[PDB]
Amino acid sequence: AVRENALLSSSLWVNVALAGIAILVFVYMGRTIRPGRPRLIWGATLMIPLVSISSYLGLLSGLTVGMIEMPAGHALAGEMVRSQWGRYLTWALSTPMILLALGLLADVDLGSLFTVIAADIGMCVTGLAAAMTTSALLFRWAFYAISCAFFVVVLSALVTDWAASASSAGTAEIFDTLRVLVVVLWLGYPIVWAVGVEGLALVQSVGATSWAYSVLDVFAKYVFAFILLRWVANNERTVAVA
Amino acid sequence: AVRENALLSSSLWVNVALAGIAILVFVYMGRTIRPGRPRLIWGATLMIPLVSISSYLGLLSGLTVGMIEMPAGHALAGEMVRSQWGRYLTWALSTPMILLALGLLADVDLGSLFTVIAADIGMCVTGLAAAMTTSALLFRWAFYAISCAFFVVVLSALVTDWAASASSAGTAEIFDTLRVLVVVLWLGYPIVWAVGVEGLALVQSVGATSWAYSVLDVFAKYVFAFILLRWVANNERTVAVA
Amino acid sequence: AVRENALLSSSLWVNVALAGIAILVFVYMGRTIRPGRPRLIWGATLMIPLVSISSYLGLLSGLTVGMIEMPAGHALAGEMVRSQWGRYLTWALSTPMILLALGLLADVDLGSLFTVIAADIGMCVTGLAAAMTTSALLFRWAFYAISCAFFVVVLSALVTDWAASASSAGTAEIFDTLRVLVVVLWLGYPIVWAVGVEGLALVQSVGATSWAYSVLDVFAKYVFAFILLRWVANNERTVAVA
Ligand SMILES: *C/C=C(C)/C=C/C=C(C)/C=C/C1=C(C)CCCC1(C)C
Ligand SMILES: *C/C=C(C)/C=C/C=C(C)/C=C/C1=C(C)CCCC1(C)C
Ligand SMILES: *C/C=C(C)/C=C/C=C(C)/C=C/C1=C(C)CCCC1(C)C
Ligand SMILES: CCCCCCCCO[C@@H]1O[C@H](CO)[C@@H](O)[C@H](O)[C@H]1O
Ligand SMILES: CCCCCCCCO[C@@H]1O[C@H](CO)[C@@H](O)[C@H](O)[C@H]1O
Ligand SMILES: CCCCCCCCO[C@@H]1O[C@H](CO)[C@@H](O)[C@H](O)[C@H]1O
Ligand SMILES: CCCCCCCCCCCCCCCC(=O)O
Ligand SMILES: CCCCCCCCCCCCCCCC(=O)O
Ligand SMILES: CCCCCCCCCCCCCCCC(=O)O
Ligand SMILES: CCCCCCCCCCCCCCCC(=O)O
Ligand SMILES: CCCCCCCCCCCCCCCC(=O)O
Ligand SMILES: CCCCCCCCCCCCCCCC(=O)O
Ligand SMILES: [Cl-]
Ligand SMILES: [Cl-]
Ligand SMILES: [Cl-]
Ligand SMILES: [Cl-]
Ligand SMILES: [Cl-]
Ligand SMILES: [Cl-]
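Residues numbered from 1 in each chain as written, not as in the entry; some residues may be left out. Chains lettered and ligands numbered in written order. Heavy atoms only, no water.

Undergrad: Talk me through the environment of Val218 of chain A; I want residue IDs and the actual numbers.
TA: Residue and element names in this part refer to chain A. As for its placement among the helices and strands, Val218 is situated in helix α8 (residues 206-234). Each C-alpha atom of the pair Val218 and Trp42 lies 18 Å from the other, and the pair is 176 residues apart in sequence. What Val218 contacts, discounting residues up to four positions off in sequence, is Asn15, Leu18 and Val223. (Helix = DSSP H or I, 4+ residues; strand = E, 2+ residues; numbered from the N terminus. Contact = heavy atoms within 4.5 Å.)

Spelled out as structure tokens, the structure:
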């Protein structure tokens, strides 16, 4: 509940503000977005920062933060560590929206979109399971491994059929740019988890781990959404003719 | 757990019965519904009261009811209030079904339907967060505000592309009728929350707040479903030719 | 937490291994699967055992297992029984994937698929509610009944429009085979629940109830997925031309 750690607190308030600014910027950027495909991607994009603000409020309020006892074998075994589990939970809604926006832009098959969102949800929930598991270190990492497997299913779409769809949709250029951002930035999350306090605890500062995720969110969500939306606004014809 | 409040109890049992009657009435009304679009909307409609009964059983049984301590600043700060949080949770399944039924009727784009359901889920979960937050009054209302934002995303579809789709689908007349019912009745829920015990507590009776939601459910679900289904039965050609 | 019951333990470890073997077998079987419809169903199929392993890890670790006090009237009223509620929870992700795979194979309408998954989720969550309800025996069984109603909605699709779609998709033969497996095997789950400790408790052994579900999973998931995938690999043309 209580929080007397400026490093930790700032990592949360900073994104409530940035997500707030993004929403306002995006609403504005869509001021003259033609109806149909464009406006639709605009809405899906607007919600990325909307879900994000919700996540940070959950954390700030303490609603989605808890103390978890680390199991034998862990660097901090027998100690209680602060787990921002609300991040893992909300990702289950925000990442599917990122994929929805990218999917619409690439005009992929509804079936493919379906499979990818399911895989994404699996990645998120198994990640939450890894954080919440306390009986044995083995199970925490086994969940981490399965979460990685779901992540691979998600990435497989980006490297295969979603790319072929963007080409036929005339959005290959922007898709290729956005694809690099997703693969590189999304890989940062499991690294932070593994290096941070809930993983190997190479970095034992909860404030530091929190800032890492917050910085990733700035680029994987706000900047990502800005780049996607800006392109759509300057290429309404191409996306509308889908 | 215990409940010795007839006002409160009746508000729940009344809808177990009404939802039960609706199911039977709807199954009957679909007795001679031709396969395809019609029968499909019939099924989606049948589940609205099915999910509803589930919600009321959760409440009646006490499974989805809990005591929450109100934070400083609240009219009942320092007191425990009864929170029917199961309502907020089940809305996450029932409202998407209402939107699914309306979406099929209007024959909207799968992508649009997707975005709307996601926004709807966000509205529901942030509403639950508002009710469950106890650390500060500020966060309870911040969640209420974000939930309203998601609600606006949902309504935006009804006022734009979903309406244009119904027109091209030849279902503009029934859609326009159903749209008014959704906008007006759905607006009643955040008013009840704000006026009731979990919000401003202008009305401090949990029994009264419960009845308000129950009455809204009767119209937003049962009556709404009746009107939609009855039209579909008398206009199978128009919906089937979609 | 603690578990000193070989009968119970083996029922869980056995499927971590079998689900692990299935994943490896399926990845292999897809080695030369042409892109498009085939590869897509391959991915959806690969995740069935992926979600399954996740479920068993939750159970093995104790994360998704709890003690529930049975209400008056129950054969074990006033006693605490072990509830593998993680099974019910994960089914909410794995069963929709089974239906997704079957739906893609049958090339059904996106709207129908949507309605079926929602009904499936309802069946799973009401089943979880039945297990978690402790105030009265009446409510436990009322949830069981509603869950059955959702199950009927799911089955209705398999006996109607999904079958007509498979015919037009040229996949009627494999669909008919898979449909029998789903109807017969899926019916086994509510029987186990009713006969086992959480239901009528005709069988009071948690180890025995666990093995029943595990055996059902072997056929409803692993064998089912094998049959589906093998057919797709030998009939790529038919599925691709969808
Ligand atoms: C807006 C937030 C985003 C884009 C978050 C992305 C999160 C992931 C790619 C998380 C992945 C993880 C694994 C692959 C292994 C288990 C631990 C996680 C959940 C951090
Ligand atoms: C069957 C039940 C229905 C149609 C329920 C609808 C509920 C809403 C439109 C709820 C909306 C709310 C907000 C916009 C603000 C936060 C509080 C809520 C969850 C009551
Ligand atoms: C991989 C696991 C599968 C295919 C599980 C299927 C589960 C069901 C068909 C469960 C159904 C139930 C009812 C119809 C009544 C309430 C109890 C349940 C949840 C066991
Ligand atoms: C998919 C990758 C899985 C890697 C599993 C790593 C399991 C080791 O686990 C690690 O062991 C260290 C030494 O005992 C501890 O200090 C760390 O806290 C602990 O997380
Ligand atoms: C989107 C609309 C947000 C409105 C935020 C209202 C915040 C005020 O909150 C209200 O303050 C009153 C006086 O202190 C209390 O009596 C009420 O219980 C409390 O909810
Ligand atoms: C859809 C089918 C619903 C069946 C409802 C059955 C309700 C009876 O419930 C059963 O009663 C027995 C005798 O009292 C007990 O021994 C069992 O434990 C209890 O589950
Ligand atoms: C278009 C389909 C989207 C499906 C999304 C499925 C998963 C929903 C996850 C909801 C998480 C909600 C928790 C919010 C918590 C918070 O921010 O306080
Ligand atoms: C389909 C969306 C449903 C919305 C569910 C919202 C609430 C999620 C609650 C998750 C609780 C799990 C974390 C417990 C953490 C702890 O031990 O404190
Ligand atoms: C067609 C997609 C629909 C997606 C629905 C996603 C959200 C599921 C919410 C499930 C809530 C289940 C809780 C039921 C509680 C009860 O009534 O006892
Ligand atoms: C995707 C669907 C998942 C189904 C999840 C069903 C169970 C939801 C449990 C929500 C618990 C949150 C409320 C806690 C309330 C309290 O403090 O008593
Ligand atoms: C294609 C849409 C699929 C929608 C799926 C909606 C329901 C998600 C259910 C997630 C359950 C996750 C719990 C996993 C628990 C565990 O194995 O440890
Ligand atoms: C949309 C997916 C959300 C993922 C939610 C994952 C966590 C589910 C937690 C369910 C808790 C309900 C069971 C409580 C059992 C008990 O009493 O021990
Ligand atoms: Cl988020
Ligand atoms: Cl924190
Ligand atoms: Cl409801
Ligand atoms: Cl109540
Ligand atoms: Cl499962
Ligand atoms: Cl167990």
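The structure having been displayed, the exposition proceeds.
Undergrad: Could you give an account of the site of ligand 3, with specific residues and numbers?
TA: With respect to spatial proximity, 16 residues lie near ligand 3, and among them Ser147, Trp186, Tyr189, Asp217 and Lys221 of chain C are the closest. Among the residues forming the shell around ligand 3, the class breakdown is 10 nonpolar, four polar and two charged. (Near = heavy atom within 4 Å. Nonpolar A, V, L, I, M, F, W, Y, C, P; charged D, E, K, R; others polar.)

Undergrad: For the pattern of salt bridges, give the residues involved together with the corresponding values.
TA: It is possible for side chains bearing opposite charge to pair when their charged atoms get close. For the structure on display, the rule yields 12 salt bridges over all chains. In this structure, the salt-bridge partner of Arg87 of chain B is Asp217 of chain B, at a minimum N-O distance of 3.7 Å. Within this pair, whereas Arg87 of chain B is found in helix α3 (residues 85-106), its partner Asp217 of chain B is found in helix α8 (residues 206-234), the two being separated by 130 residues in sequence. For the pair formed by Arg87 of chain B and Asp217 of chain B, the shared burial category is buried. With its nearest N and O atoms 3.6 Å apart, the salt bridge here joins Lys221 of chain C to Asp217 of chain C. Taken together, the residues span about one helical turn, with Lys221 of chain C and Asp217 of chain C both in helix α8 (residues 206-234) at a distance of four residues. Across the pair, exposure class does not vary: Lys221 of chain C and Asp217 of chain C are buried alike. Ionic contacts of the salt-bridge type, sharing partners, join the residues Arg87, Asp217 and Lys221 of chain A into one network. (Salt bridge = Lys/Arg side-chain N within 4 Å of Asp/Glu carboxyl O. Buried < 20%, exposed > 50% of the residue type's maximum accessible area, 1.4 Å probe, protein only.)

Undergrad: Please set out the relation of the copies chain B and chain C residue by residue, giving values where relevant.
TA: Relative to chain C, chain B is turned by 120 degrees and slid 0.0 Å along the rotation axis, the superposed coordinates differing by an RMSD of 0.0 Å. Between the two chains, the operation in question is that of a three-fold axis. It is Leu110 of chain B whose C-alpha, among those of chain B, lies nearest the rotation axis, at 4.4 Å. In this assembly, only 9% of the residues forming the interface of chain B have copies in chain C that are likewise at the interface, indicating a heterologous arrangement. (Least-squares fit on C-alpha atoms.)

Undergrad: I'd like a rundown of the interface of chain B and chain C, residues and numbers included.
TA: Contact with chain B, which involves 23 residues of that partner, is made by 21 residues of chain C. Note on chain B versus chain C: buried area summed over both sides is about 1,700 Å², and carbon and sulfur give 86% of it. Linking chain B with chain C are zero salt bridges, by the criterion used here. Viewed at the interface, chain C and chain B are joined by one residue pair in polar contact. (Buried area = accessible area lost by both parts, 1.4 Å probe. Polar contact = N/O pair within 3.5 Å; in protein donor to acceptor, adjacent residues only side chain to side chain.)

Undergrad: Let's hear about the interface of chain B and chain A: which residues, and what values?
TA: Counting residues at the interface gives 21 residues for chain B and 23 residues for chain A. Among the residues of chain B in contact with chain A, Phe114, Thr115 and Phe139 of chain B are the three that bury the most area, contributing 31% of the side total. The interface formed by chain B and chain A includes one residue pair in polar contact. If you list the elements that add at least two residues to the side of chain B that touches chain A, you get α4 (110-132) and α5 (137-159) of chain B. Across the side of chain B that touches chain A, the residue classes break down as 13 nonpolar, eight polar and no charged.

Undergrad: Quick rundown of the site of ligand 11? Include the residues and the values.
TA: In the region of ligand 11, the neighbouring residues are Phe114, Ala118, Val125 and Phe143 of chain A together with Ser54, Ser55, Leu89, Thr90, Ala92, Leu93, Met97 and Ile121 of chain C. Chains contributing residues near ligand 11 are chains A and C. At 2.6 Å, a side-chain N or O of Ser54 of chain C approaches an oxygen atom of ligand 11. Out of a free accessible area of 550 Å², ligand 11 has 83% covered by protein chains. For the shell around ligand 11, the elements supplying multiple residues, two or more each, are α4 (110-132) of chain A together with α2 (37-61) and α3 (85-106) of chain C. Counting residues per element, the shell around ligand 11 draws most heavily on α3 of chain C, which supplies five residues. (Areas by Shrake-Rupley, 256 points an atom, 1.4 Å probe, with all protein chains shown as cover.)

Undergrad: So what's going on with the UniProt feature "binding site: chloride 1" in chain A? Which residues, and what values?
TA: Residue and element names in this part refer to chain A. Following the UniProt record, the feature "binding site: chloride 1" maps to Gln84 here. Structurally, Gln84 can be placed in the loop between β2 (80-83) and α3 (85-106). Take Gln84: its relative accessible area is 5%, and that puts it in the buried class. Residues in contact with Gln84, not counting those within four places in the same chain, are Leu8, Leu12, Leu59, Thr64, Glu198 and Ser210. (UniProt positions renumbered as here; feature names shortened; annotations may be inferred.)

Undergrad: Describe the packing of helix α5 (residues 137-159) of chain A against α2 of chain C, naming the residues involved and giving the relevant values.
TA: Two elements in contact, α5 of chain A and α2 of chain C, have axes whose closest approach is 10 Å; the angle formed by their N-to-C orientations is 165 degrees. Here α2 of chain C runs roughly antiparallel to α5 of chain A, going by the angle between their axes. In the crossing of α5 of chain A with α2 of chain C, the sense of the turn from one axis to the other is left-handed. Contacts between α5 of chain A and α2 of chain C involve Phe139, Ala142, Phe143, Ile146, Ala149, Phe150 and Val153 of chain A from the first element and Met47, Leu50, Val51, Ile53, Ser54, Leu57, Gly58, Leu60 and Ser61 of chain C from the second. In terms of residue class, the contact of α5 of chain A with α2 of chain C is made up of 13 nonpolar, three polar and no charged. (Axes fitted to C-alpha atoms, helices over the stretch in contact; angles between N-to-C directions. Parallel < 35°, antiparallel > 145°, perpendicular 65-115°, else oblique. Left-handed = near helix turned anticlockwise from the far one by under 90°.)

Undergrad: Describe in detail the relation of the copies chain B and chain A, supporting the description with residues and values.
TA: A rotation about an axis combined with a shift along that same axis relates the two copies of the chain. Of the two same-sequence chains, chain B is brought onto chain A (RMSD 0.0 Å, axial shift 0.0 Å) by a rotation of 120 degrees. A distinct binding surface is used by each copy, with only 10% of the interface residues of chain B retained as interface residues in chain A.

Undergrad: Tell me what's going on with unusual backbone geometry, and back it up with residues and numbers.
TA: Even without a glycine there, the phi angle at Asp107 of chain A is positive, about 50 degrees. Overall, the relative accessible area of 34% leaves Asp107 of chain A in the partly exposed class.

Undergrad: Can you tell me about the state of the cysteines, naming the residues and giving the values?
TA: The full count for this structure, using the stated rule, is zero disulfides over all chains. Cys148 of chain B forms no disulfide, and the closest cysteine sulfur to it belongs to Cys124 of chain B, at a distance of 12 Å. (Disulfide = S-S within 2.5 Å.)

Undergrad: Run through α4 of chain A, naming residues and quoting values.
TA: Given a rise of 1.5 Å per residue, 23 residues ought to cover 33 Å, and the 33 Å separating the end C-alpha atoms of α4 of chain A matches this to within 8%. In terms of burial, α4 of chain A is a largely internal element, 19 of the 23 residues being buried. (Expected span 1.5 Å × (residues − 1).)

Undergrad: Tell me about the side chain of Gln84 of chain B, and name the residues and values.
TA: Of note is the side chain of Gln84 of chain B, whose polar atom sits 2.8 Å from the side chain of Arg87 of chain B. At a separation of 3.0 Å, a polar atom in the side chain of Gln84 of chain B contacts the side chain of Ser210 of chain B.

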